[PDB]
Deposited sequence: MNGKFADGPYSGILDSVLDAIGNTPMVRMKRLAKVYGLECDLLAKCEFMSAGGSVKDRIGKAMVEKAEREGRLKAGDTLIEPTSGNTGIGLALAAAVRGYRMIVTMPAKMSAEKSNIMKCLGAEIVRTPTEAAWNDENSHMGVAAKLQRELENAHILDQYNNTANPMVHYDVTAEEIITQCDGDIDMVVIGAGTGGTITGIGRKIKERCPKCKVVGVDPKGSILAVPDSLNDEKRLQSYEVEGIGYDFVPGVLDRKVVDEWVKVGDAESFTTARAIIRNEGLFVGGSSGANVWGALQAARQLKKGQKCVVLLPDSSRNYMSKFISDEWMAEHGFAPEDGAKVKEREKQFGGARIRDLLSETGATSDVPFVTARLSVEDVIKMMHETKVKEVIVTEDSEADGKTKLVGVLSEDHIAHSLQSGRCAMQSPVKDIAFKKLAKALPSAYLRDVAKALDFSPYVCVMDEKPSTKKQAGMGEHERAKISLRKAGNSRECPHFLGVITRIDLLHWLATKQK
């Protein structure tokens, strides 16, 4: 039915949480996991992360104890999501926000927290927590140097674990109807894992609690697990630290799984591809840890894994295949890059032009020709498409269909220059280019022209239908 949202909400803070739980049947079938892999889609909150909860939570406590008045300044060290939640809470309830986050974190978090009118100071990535230039040390410095400023310190604020203990874990319990055998949580500040594990062990002691920390962090026990990449920087954001946070109660968790960047990102992309959850990299790390931990489980029992934040915070970072290739990470078993490598192989556009047969030079027009002259030339030459010149780059292509339809639509005058009706989005290529790169370029441009700018002697235009015909010529 409609219980939580059947009414009107006073602000966006009332729309955080209440995230649904989805069964990842397809992903489990892909990785061959017999038990039921449940996913807590915390990334569908208002701010798109679990930390939104704690943000609101801390503010509520700060307002319930009278320690916060309107117009004050709020300071918080964060990896980006807790800053987002506190920025939402401040923009709603009238507080000033200043965030301290390392330069390792994505630019989307910085831009969206700027959209909430929050000042953002970046800290060096390689800095240790003891340094005065760390996000926490710099936040303390800012609190010392600013009037009416406050740090809620999610690393030490009891609201962070207490609310995951109060509402989030209760949500997981009500959705799983009490039957939970394993729960896998990423280890960042440690509040989410501490709270949820404590509540579930209280209401279901048979449930195992597994924590995920990236190779480079020191949050796993024993220290034999951290020796892989001791204190080595990683690309995944949100989990792992060079110190044990005050809220992290490592005694509530049973197992620890170390996950690297490559596995985390490949599993996040597999999540997006097979399940359809627009989720972030830390969730890929958590899901890889869950897949490695619950392999010994059998059918019927449920292993619950949390997906902290959405792909929105890493839109340019790891959804783009170019950046995932720059870091040498396997995209996925079934992906478009691998599909195009398998289908096309070492085929170049020269092979396609030879198999079809160009043996021709497409017509040419000076890009300022009148529509009368270009229509006369097109009717006398019998060709359909034409390419307009440059004057100094290339302008584009034009077909008789657009000519007629724009002339009759009142958008192309007969005395108008041909540049006004040409297609302006194009991609330059060369006969030596492979089919995979031109296929990737077709993802962003409708046409692809060859050998632009010896001499500018283009051979033809290339679209996706040509690639489909080339695939049809094979078996």
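Asks: Where are the gaps relative to the deposited sequence?
Replies: Missing C-alpha atoms (numbering from 1) occur across the ranges 1-5, 398-403, 465-491, 514.
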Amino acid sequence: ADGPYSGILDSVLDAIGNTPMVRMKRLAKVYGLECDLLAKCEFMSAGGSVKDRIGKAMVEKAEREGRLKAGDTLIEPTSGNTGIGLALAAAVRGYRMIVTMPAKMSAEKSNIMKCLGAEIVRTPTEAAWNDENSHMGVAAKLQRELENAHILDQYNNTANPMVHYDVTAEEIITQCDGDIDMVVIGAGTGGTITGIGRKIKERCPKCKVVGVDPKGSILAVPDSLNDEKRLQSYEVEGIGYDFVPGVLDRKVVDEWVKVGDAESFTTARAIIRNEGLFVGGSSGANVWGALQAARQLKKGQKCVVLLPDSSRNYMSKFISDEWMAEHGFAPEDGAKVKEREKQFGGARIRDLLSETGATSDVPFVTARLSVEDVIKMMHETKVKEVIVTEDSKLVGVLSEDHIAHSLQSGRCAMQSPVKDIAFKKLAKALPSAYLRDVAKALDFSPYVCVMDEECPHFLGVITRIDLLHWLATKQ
From here on, numbers count along this sequence of modelled residues.
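Asks: If you average the CA temperature factors over each stretch, which comes out higher, 48-56 or 432-440?
Replies: Higher mean C-alpha B-factor: 432-440.
Asks: With reference to the PDB entry, specify whether the mean Cα temperature factor is higher for 422-430 or for 62-70.
Replies: Higher mean C-alpha B-factor: 422-430.
Asks: Per the entry, which of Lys251, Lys382, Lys258, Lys317 tops the list for Cα B factor?
Replies: Spelled out: the listed residue with the top C-alpha B-factor is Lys382.
Asks: From the list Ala107, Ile375, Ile151, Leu307, select the residue with the highest C-alpha B factor recorded in the entry.
Replies: It is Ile375.
Asks: C-alpha B factor of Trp323, ranked within the chain: lowest, middle or highest third?
Replies: For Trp323, whose C-alpha B-factor we compare with every modelled residue in the chain, the answer is the middle third.
Asks: Going by what the PDB entry lists, where does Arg411 fall on CA B-factor within its chain: lowest, middle or highest third?
Replies: Highest third.
Asks: Mind checking which third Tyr155 falls in for C-alpha B-factor across the chain?
Replies: For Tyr155, the deposited C-alpha B-factor lands in the lowest third.
Asks: For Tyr447, return the chain-relative third of its C-alpha B-factor as stated in the PDB record: lowest, middle or highest.
Replies: Ranked within chain, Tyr447 CA B lands in the highest tercile.
Asks: What third of the chain, by the recorded C-alpha B-factor, contains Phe344?
Replies: Top third by C-alpha B-factor.
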